[PDB]
Amino acid sequence: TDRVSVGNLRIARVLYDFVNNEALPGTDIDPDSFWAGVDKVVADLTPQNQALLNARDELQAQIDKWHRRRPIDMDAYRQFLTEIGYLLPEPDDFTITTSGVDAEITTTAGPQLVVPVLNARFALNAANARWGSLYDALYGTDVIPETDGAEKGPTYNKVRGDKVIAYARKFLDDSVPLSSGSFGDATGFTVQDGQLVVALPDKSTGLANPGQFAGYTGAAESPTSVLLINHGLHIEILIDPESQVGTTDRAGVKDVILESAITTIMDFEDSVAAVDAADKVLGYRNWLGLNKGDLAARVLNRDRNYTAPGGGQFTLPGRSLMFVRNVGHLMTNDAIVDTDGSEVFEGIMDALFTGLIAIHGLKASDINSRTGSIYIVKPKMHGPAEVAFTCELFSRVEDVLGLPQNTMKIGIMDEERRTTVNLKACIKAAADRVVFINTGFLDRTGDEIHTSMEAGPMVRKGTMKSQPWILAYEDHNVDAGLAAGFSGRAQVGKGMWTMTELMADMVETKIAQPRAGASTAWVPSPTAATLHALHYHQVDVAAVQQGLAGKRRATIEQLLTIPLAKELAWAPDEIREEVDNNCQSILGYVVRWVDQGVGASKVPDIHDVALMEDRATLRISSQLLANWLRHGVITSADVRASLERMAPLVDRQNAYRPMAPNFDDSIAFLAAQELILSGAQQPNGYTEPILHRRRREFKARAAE
Ligand SMILES: O=C(O)c1ccc2cc[nH]c2c1
Ligand SMILES: [Mg+2]
């Protein structure tokens, strides 16, 4: 074949070439020593990797049987979980020791943006989303109602623009209050004796807290902009009477700029579809362009220059601080196969290659962490041993890369049940590497359903968000983080807002996350990060965290409360709706995944709301239907009929290729069907083995 032999490994030429010609040059790592390291690391860690996955299966089988032989005793269930080593002892209190971590992670609370690394233009916008226009975010979304008069048109609408301006003035009043009066009545800004002075019609005033004045641009006498800081986040008022908006403005203001996406996660996992060496290389190459600072379509932003209150000069980061999300322990990829032809573990490969590439970001670029850290998000881990394994992998990789030990820092996803109930030990296992924990609530619900598949029928998918287990899971995660001393040291993060068009709703409800003590939470786009930034100005996360300290708000019993439905909880019509809804979302996502290699896309649901979502929402839907089928809530004819019914709608909702009417001939349709009908047999309900196989199948058919 077209592979390169190195030890026991056979590396796809496209990857070998990528590494030698693009990734390695500029790192000072000897190419031959690198490849020897890859061979050695894969050979050494592969057995432990496999045994961990086998252990998952064995635990699940025991729980499966336990439920089959079962009016539901929690004392018994809990002592059984401890017996089989599912529930492990909680360690004594400790504080994490992770050092050399940047301020964007240790200290600054704010939005965290996640983007598919395979999409270069998306990744570019994400990195540039550290600063974003509040006016654009308000004007373009439904935050400002399109009520009579204020509708978006083909051209600028002055009625709407004025509501945007008023909305921002109120934000300023709430965030950076004047000693007296309102920003709404401002006519000018000036800096005098190093102090911000605001002109109102009748008199002048300063800030109630002059500590919020951070800097300015242009002459102090008539600044071209004024820079404020609040709860550690910057706000920049652009002052330009010459501009169109500025002309209509009372103080010549052109825009309000928010520091928005403080950090960004470049994603190789659930938001992308990458099933072979060509796909991985595309991803790795974008990740390289990001770290080298030369990725272009439009290019990456430079730092920002300001004059300090006093009159000196300083600078602020122009770009979002980058994490990379590697895949988890489950999958293999044929990017590399061994002599026997066995595919190599993809997570192992990601650590080596994304780690290698990240070195560039530590270096002056013809730039990322100034403290010398590399930030890797690791998803879908089940328990402390799997966490320890990930740390051992990073340690071995650091050795191959000639990096100081603990350079490679870990963002722990809390998105599997065996991690949730052992969270303190999982953190302890990574106490010198961990830079965040985060509630991946969607995968977590998929795992919740699969783990208790045999217990009985589960509540409807929309009911899950408010079940006792998930509310406890959220509080427990924050409690464990704070108890491990995350305050001032590491992020406590919460989940993604998936309704991309419902920004009014996001601004209304997503404030609950910072109020819950989360120093960060996930947004889908630059625009959403700007709007989500508002919440951090309203909530004092540091204070909230201090108030939460030492609280223990979720019991193990609460964590373990299985979301079983009550006897006969559903009328026939509600059942049908749940089925159609789930089939619709499965089909809408899968069709783009299998046909176009698109791992994340705005997909209208049944009620026709635009949902982003990724692989995890597929995991939830397939497991729920698999659970209902397993326990006789629905029949196989129900599933099939629903799939055939929703298919044409999906086709219609959509370079596309219709699934209907020849379903048995549609690879996408059959993948969706397989996900449901084989759902119960997928390891932890994971959708990758099926998706990957079907996408490779589609690629092979397209080729001929
Ligand atoms: O981190 C994820 O699982 C996730 C979820 C939704 C979206 C939409 C774009 N990127 C995503 C990532
Ligand atoms: Mg997830």
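In listed order, ligands and their atoms are each counted from 1. Just so you know, residue 1 is the first one in the sequence shown, and it goes up from there. Note: hydrogens, waters and symmetry copies are ignored here, and every other heavy atom, side chains too, is used.
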Practice task
Please answer whether the main-chain N or O of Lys409 pairs with a side-chain N or O of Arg433 as donor and acceptor at a distance below 3.5 Å.
Solution key: no
Fill in the blank from the handout: closest protein heavy atom to atom 7 (C) of ligand 1 is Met496 CE, 3.8 Å
Fill in the blank from the handout: Counting from 1 in the order shown, the ligand 1 atoms closer than 4.0 Å to a non-hydrogen atom of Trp522 are 1 (O), 2 (C)
Exercise for the section: Kindly confirm or rule out an N or O of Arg325 lying under 3.5 angstrom from an N or O of ligand 1. Expected result: yes
Exercise for the section: Starting from atom 5 (C) of ligand 1, locate the nearest protein heavy atom and write down its residue, its atom name and how far away it is, to 0.1 Å. Expected result: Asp614 OD2, 3.0 Å
Exercise for the section: Taking atom NZ of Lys428 as the centre, report whether more than 12 heavy atoms of other residues, nucleotides or ligands fall under 6.0 Å from it. Expected result: no
Fill in the blank from the handout: For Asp443, the N, O or S atom at the shortest distance from the Mg ion (ligand 2) is OD2
Problem - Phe436 ring center within less than 6.0 Å of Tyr375 ring center - result: no
Handout entry: Charged tip of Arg444 within 45° of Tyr473 ring normal and under 6.0 Å
Key = yes
Handout entry: Considering only N, O or S atoms of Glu415, the one closest to the Mg ion (ligand 2)
Key = OE1
Handout entry: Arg121 atom CZ: more than 12 heavy-atom contacts under 6.0 Å
Key = no
Practice task
Give the residue and atom name of whichever protein heavy atom lies nearest to atom 8 (C) of ligand 1, and the separation in Å to one decimal.
Solution key: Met612 CE, 3.2 Å
